[PDB]
Structure formats: C-alpha cells, structure tokens
Engineer: 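Have a look at the structure that comes next, please.
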Amino acid sequence: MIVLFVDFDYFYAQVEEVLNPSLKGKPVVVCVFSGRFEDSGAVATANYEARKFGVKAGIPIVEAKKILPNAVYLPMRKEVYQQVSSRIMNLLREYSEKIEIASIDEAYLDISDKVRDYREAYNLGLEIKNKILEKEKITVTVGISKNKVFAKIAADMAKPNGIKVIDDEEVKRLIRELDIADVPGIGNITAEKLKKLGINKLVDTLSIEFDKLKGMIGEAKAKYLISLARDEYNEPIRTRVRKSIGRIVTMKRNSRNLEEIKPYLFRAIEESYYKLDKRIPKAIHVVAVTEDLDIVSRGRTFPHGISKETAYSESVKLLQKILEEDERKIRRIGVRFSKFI
DNA sequence: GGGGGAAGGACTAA
DNA sequence: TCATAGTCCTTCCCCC
Ligand SMILES: [Mg+2]
Ligand SMILES: [Mg+2]
C-alpha cells in the first residue's frame, strides 16, 4: 500500500491571505474571540511569520498581542475556510477514489493503484501541490509512505510547503530512532506514561511485557504502538463518517442558574441541528465546561430519532442532572448529537 | 466467557 | 481577566 497524505499549511491564516493578498509577509493571527472581555479567547492559528515569535495555536489572544502587538488579528471565519477546504478535497478526488478526509485540512489518498513505486508517487505528489497552488493558490505539504501513520509523519517532517517520502528502510530506521512522542495518537498524558517506562522509541514497545504496557496506557494504544513497532500497521484509507455533531458555546458569565443557562443551551441546539443537515440523531448529550475547566457530560440514547422538540425538553433534564451531580459554576455550555439513523 | 450496547470520563487535537 | 470539536476507552449490566 502506498499512501499519500496532504496537509494544508497554516490553513486558516493562509486562506485569509488568499482573500487579502496584502497580508502576505505580515504575521497573521486567526482568533476565536470568546466575548467576555476585549481580546478574550484563543488563537486558532497563525502563519509562520507570527509563529516564528511564539504566537501559535492555543495561546490566549492577550499573550499573542504582548508578543506581536502589531500583527494582524482576524476573527475566525470557519464557513469560509470550510468551503475552500471542500474545493481542495474535490481536486484530490481526481487522483484517487480511495480517499480519507481526516479533517478540514487533512486527507489521505490510497494511491496503490495509481503508481508503482515511491518515485512515481513523489511526482504525483508534485502534480498535486501544483494543481492546488494553481486552482486555489494554497500551498500544502505532502507526505508519502507505506501507511497512514508514516505518511503523516513524513508530512510533519517536511512542512511547510514541502514533500517527503519515507521508504521501507527509513521506516525501520524511525522505529528505533523516532521519538515516540512524535507518533500520531500519542499525547502528553500518554507520552508521560511511556517515559515512566523508559519507552522512548517504538521498538522499546517490543521488549516490554505487554500486560505491563497495556495496564499503563490501555489495550488499544498498546496494540497500536506495538503493531507499528512490528512494522505491521496498515489501516485502510476509508471514507470518514462524522459519528457526532454538536456545538458548545461560552457564556458571558459563569453560573449554575438553570434559567440563565437555558438561552445558551437552546442557542447551541439551533446551531447544532442546522449542522445536522438531514441527519436524525438517536442520542444526545449536554456538555458543560465548569469554572475550573473540568468537563461534565450527561446524555441519553432514545429508541428512535430525536425531534428538535424532544432535544429541547430532554436537554434540560440532562442539564439539571449535571447541575445536581456537580456543585461547580458553569463557564461554557453546549450540546452534542450522535447515533444517526 | 463474551456479544453488545449504553453511559460517563479519558485523551487527542484543534 | 488565560483558557477556543470529536472519538473512543473503561466500566456495569442484561443475558445467552
Ligand atoms: Mg494537520
Ligand atoms: Mg496543516
């Protein structure tokens, strides 16, 4: 299997550039303004001009302004980025029916039946970068290898505006050298549990007692890491099916007053159903972001489709169940639907 | 012993 | 006042 992975570069920021060419060269910061106070919120992303100085996805807009008070700050326009994204995905289908859209800016193409070696793949990668730059003036990084995971690692190494192949020999090389924390699926919490076992390279997972690793990081991740170690991982590229759709919204001020949170809850439902678009969910969950940031969630599954009417009354029950089972004030409130028919 | 689903918190990522 | 969507893992639970 020859997988080709595509990841758009500093996407939201780059799209803002394409719609306003005069931003080219200046640090650009796309923000999610929460609204409780001027400059409240986080950075969704930044171009490399801004990123070069420490301004990057996740930090408070406040900080970014202290680092680069003169960078361009723009409100995130997801709808716009999503349409640009869809158009790019379509260009990708012209290269393989077997395509997996991982996120708004990531996709895997199984090009096994399109090329015969990593040389042709590489050229096809170039064709793709030029096609996109051409049609949408968007630069992307291409990663090529024998499976989804390494194709993604290839990309991580070559970004931005790059392209890299990781042949079988380099795979085995990485299995021993590559820092295990840089493996897709391994987060901080998991990276830590691993270090606490001397495990710092994939190979180290082959020498350790399984049940020992399993009891530490869970059975699924254990099998995942090992299979990668044995150079055996090869999950198929498959059309993705969003299993759930929801929306969570931050409130002006925290509280635990049902009637004061209702507005937000309902606003979150209207926005969600909209997104549902044709989909009828059989399950629903009300999600809460406590003052301390912990997450409290209570949901329920029904034996049939959920009407917006139901969603309404039902969400209030779940909301209160949360209210009674947690004495914390709520910072953000949202809803989430799943188990579509 | 395990198929299978429902619920709640974990974990990645974003 | 710093703090922005989704997928699974783990557990209990009915039950063949
Ligand atoms: Mg990405
Ligand atoms: Mg990207």
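Only this structure's heavy atoms are used, side chains among them; waters, hydrogens and symmetry mates stay out. In the text below, chain A, chain B and the rest are named by the order of the sequence lines, each starting its count at 1.
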Engineer: A/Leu19: which residues meet the side-chain contact (heavy atoms from CB on, under 4.5 Å) condition with it, sequence neighbours left out?
Structural biologist: A/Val15, A/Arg77, A/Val80

Engineer: When all nucleic acid strands are considered with a 4.0 Å heavy-atom cut-off, which category describes A/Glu106: base, sugar-phosphate, or nothing?
Structural biologist: sugar-phosphate

Engineer: Not counting sequence neighbours, list each pair that qualifies as a side chain to side chain donor-acceptor pair (under 3.5 Å) and has a residue in residues 41-54 of chain A.
Structural biologist: none

Engineer: Hey, does A/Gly334 reach any base, or is it just sugar-phosphate, or nothing, if we go heavy atoms under 4.0 Å?
Structural biologist: nothing

Engineer: Show me the protein contacts with nucleotides 7-11 of chain B, counting only N or O atoms at under 3.5 Å.
Structural biologist:
from   : atom 1 : to       : atom 2 : distance (Å)
B/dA7  : OP1    : A/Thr301 : N      : 3.2
B/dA7  : OP2    : A/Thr301 : N      : 3.1
B/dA7  : OP2    : A/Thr301 : OG1    : 2.7
B/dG8  : OP2    : A/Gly299 : N      : 3.2
B/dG9  : OP1    : A/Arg298 : NH2    : 2.9
B/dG9  : OP2    : A/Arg298 : NH1    : 3.2
B/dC11 : OP1    : A/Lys193 : NZ     : 3.1

Engineer: Drop me the distance from A/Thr139's OG1 to A/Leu133's CG, to the nearest 0.5 angstrom.
Structural biologist: 7.0 Å

Engineer: Using 0.5 Å steps for rounding, measure from the OH atom of A/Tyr264 to the NZ atom of A/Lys252.
Structural biologist: 8.5 Å

Engineer: Using a strict heavy-atom distance below 4.0 Å, which residues from residues 235-255 of chain A are in contact with DNA chain B?
Structural biologist: none

Engineer: Walk me through whether A/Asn90 and A/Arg87 qualify under side chain to side chain donor-acceptor pair (under 3.5 Å).
Structural biologist: CA-CA 5 Å; A/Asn90 287 318; A/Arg87 297 203 301 270; over 6 Å; no

Engineer: Please determine whether salt bridge (charged side-chain N to carboxylate O under 4.0 Å, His left out) holds for the pair A/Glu219 and A/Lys223, giving the CA-CA distance in whole Å, both sets of side-chain angles, and the decisive distance to 0.1 Å.
Structural biologist: CA-CA 6 Å; A/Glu219 177 170 58; A/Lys223 303 200 175 176; 3.4 Å; yes

Engineer: When you compare the side chain of A/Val30 with that of A/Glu16, does any pair of heavy atoms fall below 4.5 Å?
Structural biologist: yes

Engineer: Is any side-chain N of the basic residue among A/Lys131 and A/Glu94 closer than 4.0 Å to the acidic one's carboxylate O?
Structural biologist: no

Engineer: By side-chain contact (heavy atoms from CB on, under 4.5 Å), which residues pair with A/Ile248, not counting sequence neighbours?
Structural biologist: A/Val289, A/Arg332

Engineer: What pairs of residues pass the ring pair (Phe, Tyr, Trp, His ring centres under 6.0 Å) test when at least one of them lies in residues 313-337 of chain A, not counting sequence neighbours?
Structural biologist: A/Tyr273-A/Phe337

Engineer: Using the salt bridge (charged side-chain N to carboxylate O under 4.0 Å, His left out) rule, pick out the option among A/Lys152, A/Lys159, A/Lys129, A/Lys164 that qualifies with A/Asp7.
Structural biologist: A/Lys159

Engineer: What does the 5'-to-3' dot-bracket notation of DNA chain B look like when only Watson-Crick and G-U wobble pairs under 3.5 Å count, and pairs to other strands show as |?
Structural biologist: ||||||||||||..

Engineer: Any chance you could measure A/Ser207, atom OG, to A/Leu213, atom CG, to the nearest 0.5 Å?
Structural biologist: 10.0 Å

Engineer: By the 4.0 Å heavy-atom rule, please label A/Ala44 as base, sugar-phosphate, or nothing.
Structural biologist: nothing

Engineer: Heavy atoms of chain A, cut-off under 4.0 Å: which first and last nucleotide of DNA chain C, 5' to 3', fall inside that, if you could look?
Structural biologist: C/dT1 to C/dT10

Engineer: Holding to side chain to side chain donor-acceptor pair (under 3.5 Å), I want the full list of residues that pass it with A/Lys114, two or more places apart in sequence or in another chain.
Structural biologist: A/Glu97

Engineer: Output one line per pair: protein atom, nucleotide atom from nucleotides 2-4 of chain B, and distance, for all N/O pairs under 3.5 Å.
Structural biologist:
none

Engineer: Whole-Å distance between B/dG5 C1' and A/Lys282 NZ?
Structural biologist: 12 Å

Engineer: Suppose the criterion is ring pair (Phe, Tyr, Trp, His ring centres under 6.0 Å): which pairs have a residue in residues 87-126 of chain A, not counting sequence neighbours?
Structural biologist: A/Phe5-A/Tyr108

Engineer: May I ask you to say what A/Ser40 touches in the nucleic acid, namely base, sugar-phosphate or nothing, with a heavy-atom cut-off under 4.0 Å?
Structural biologist: sugar-phosphate

Engineer: For A/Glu219 and for A/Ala57, find the nucleotide of DNA chain C with the closest heavy atom, then tell me which residue's nucleotide is more 5'.
Structural biologist: A/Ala57

Engineer: More than 12 heavy atoms of other residues, nucleotides or ligands under 6.0 Å from CD of A/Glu327: is that the case?
Structural biologist: no

Engineer: Report which part of the nucleic acid A/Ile186 touches: base, sugar-phosphate, or nothing (heavy-atom distance under 4.0 Å, all strands).
Structural biologist: sugar-phosphate

Engineer: Taking side-chain contact (heavy atoms from CB on, under 4.5 Å) as the test, write out the residues that go with A/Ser40, two or more places apart.
Structural biologist: A/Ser34, A/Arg36, A/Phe37

